[PDB]
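Each answer follows from the model by the rule given with it, or from the source it names; nothing here is a laboratory result. We place every Cβ from the backbone using ideal geometry, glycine too, and count neighbours over all the protein chains shown.
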Amino acid sequence: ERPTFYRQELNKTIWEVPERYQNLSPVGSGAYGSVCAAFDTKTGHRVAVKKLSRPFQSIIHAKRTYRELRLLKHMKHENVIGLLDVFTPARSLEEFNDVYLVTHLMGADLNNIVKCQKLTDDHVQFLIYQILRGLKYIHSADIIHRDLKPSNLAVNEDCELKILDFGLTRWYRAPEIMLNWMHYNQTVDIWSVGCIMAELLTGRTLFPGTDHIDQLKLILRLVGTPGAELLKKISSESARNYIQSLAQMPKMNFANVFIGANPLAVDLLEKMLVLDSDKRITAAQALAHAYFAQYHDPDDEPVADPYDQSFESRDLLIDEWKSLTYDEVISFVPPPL
Ligand SMILES: C[S@](=O)c1ccc(-c2nc(-c3ccc(F)cc3)c(-c3ccncc3)[nH]2)cc1
Ligand SMILES: [Mg+2]
Ligand SMILES: [Mg+2]
Ligand SMILES: [Mg+2]
């Protein structure tokens with residue numbers, strides 16, 4: 001059975017949602033799409049409704065629409081955006097051109113944290129803990145975020161944190177994906193967490209590059225130029241030539257860079273901000289670091305069910321992706337409240 005939909009216009013955007021969703025209010029817009037806060041009369045909960053922008057403009061867009069829905073239908077973890085609902089006003093595949101996603105409303109993100117701020121910076125411990133707990137789950141299913149930044153980490157008034165916009169500026173980007181030295185593994189997201197943790201402790205962007213060249217220069221100033229064992233592993237000759245053409249920079253003492261920060265924080269930052277992705281701490285390892293002694297519980301840091309990413313290698317028409325997306329909308333089952 002299909003519920004009753006109602007139509008309204010907000011910021012030059014048509015919203016057509018089921019009547020259970022009331023008091024739609026814009027909170028966000030951009031390339032990623034448009035988001036309204038609403039009230040869900042069924043649950044009694046405050047929700048965020050996202051309308052995808054131009055979901056089927058190109059094969060690239062249509063495949064991205066499919067990828068987002070598949071990723072969001074998979075995530076069942078306290079520190080990762082979960083789907084309460086997905087719908088289209090469309091009555092059949094033929095007039096399917098709009099997709100709406102629904103999740104629990106989150107008031108803020110890591111750019112604007114005040115309701116969490118305390119003198120001892122014990123809030124940093126809890127926020128990074130929740131990021132690592134979410135990344136452990138995502139990483140266990142072979143999902144890498146790749147673009148983690150403060151604006152992608154949503155925060156409640158309770159200071160509960162969730163990762164969103166995953167599996168899909170340059171300040172938080174790992175050196176190896178900015179260029180493509182050794183390709184990349186899951187630890188590209190641990191680099192980003194390092195940069196975020198650094199920014200929460202100091203109040204400044206760790207590495208605010210103006211371009212890719214300035215960005216790499218700011219990074220090598222802290223971590224130092226690659227050693228013998230790292231140079232050996234760069235398969236790109238363009239990258240390897242550039243690194244070696246620069247003057248040698250030493251690795252700095254982090255204790256002096258992050259002066260007066262918690263020495264357990266400085267030690268974790270040293271394990272996260274290593275050039276060589278093979279020796280960078282993993283999310284599972286970082287959770288067991290003494291910095292998180294108060295929060296860490298090995299029996300409450302769950303892993304994900306296996307995730308079928310075979311679709312990623314497939315080359316289909318806009319209409320094939322659109323039909324595959326329509327099937328995922330129909331087969332959706334909300335979590336048992
Ligand atoms: C990449 S840019 O920084 C960016 C920031 C936020 C979002 C963004 N996407 C969502 C969002 C909402 C509903 C969904 F079903 C899925 C995602 C939210 C959201 C969720 C809950 N409460 C408030 C806002 N924020 C997307 C892109
Ligand atoms: Mg890597
Ligand atoms: Mg900093
Ligand atoms: Mg891990």
Have a look at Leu317, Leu324, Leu268, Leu337 and point out the one that is over 20 Å from the mean Cα position of the chain (by Cα), farther than 21 Å from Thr120 by Cα and not assigned by TED's automatic domain parsing to the domain that holds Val80. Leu337
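For every residue, the table says whether it meets (1) surrounded by 14 or more Cβ atoms within 10 Å (Cβ to Cβ); (2) over 15 Å from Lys136 (Cβ atoms); (3) of a type outside the set (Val, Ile, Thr).
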| residue | (1), (2), (3) |
| --- | --- |
| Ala247 | no, yes, yes |
| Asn256 | no, yes, yes |
| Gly260 | no, yes, yes |
| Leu269 | yes, yes, yes |
| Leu275 | yes, yes, yes |
| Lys279 | no, yes, yes |
| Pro298 | no, no, yes |
Single residue of region 246-290 satisfying the filter (touching a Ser or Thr at 6+ places or on another chain (Cβ under 7 Å) and within 16 Å of ligand 4 (Cβ to nearest atom)) that is farthest from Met182 (Cα to Cα): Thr282
Would you mind finding the one in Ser140, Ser151 that is under 19 Å from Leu200 (Cβ atoms), surrounded by fewer than 22 Cβ atoms within 10 Å (Cβ to Cβ) and among the small types (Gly, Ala, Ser)? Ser151
Number of the exception - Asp315 against (1) part of a helix (DSSP H, G or I); (2) of a type in the set (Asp, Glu); (3) surrounded by fewer than 10 Cβ atoms within 10 Å (Cβ to Cβ): (1)
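For (1) outside the structural domain of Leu153 (by TED's automatic domain parsing); (2) under 30 Å from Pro306 (Cα atoms); (3) among the polar types (S, T, N, Q), each residue gets a yes or a no:
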{"site": "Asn11", "(1), (2), (3)": "yes, no, yes"}
{"site": "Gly30", "(1), (2), (3)": "yes, no, no"}
{"site": "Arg91", "(1), (2), (3)": "yes, no, no"}
{"site": "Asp98", "(1), (2), (3)": "yes, yes, no"}
Is it fair to say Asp305 is among the charged types (D, E, K, R), closer than 26 Å to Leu83 by Cα and not in a helix (DSSP H, G or I)? yes
Kindly indicate whether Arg54 is in contact with a helix residue (DSSP H, G or I) (Cβ under 9 Å, 6 or more places away or on another chain), of a type outside the set (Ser, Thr, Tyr) and either surrounded by 15 or more Cβ atoms within 10 Å (Cβ to Cβ) or in a strand (DSSP E or B) (or both). no
Qualifying residue in region 171-178 (condition: surrounded by fewer than 22 Cβ atoms within 10 Å (Cβ to Cβ), of a type in the set (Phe, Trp, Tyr) and closer than 18 Å to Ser151 by Cβ): yes
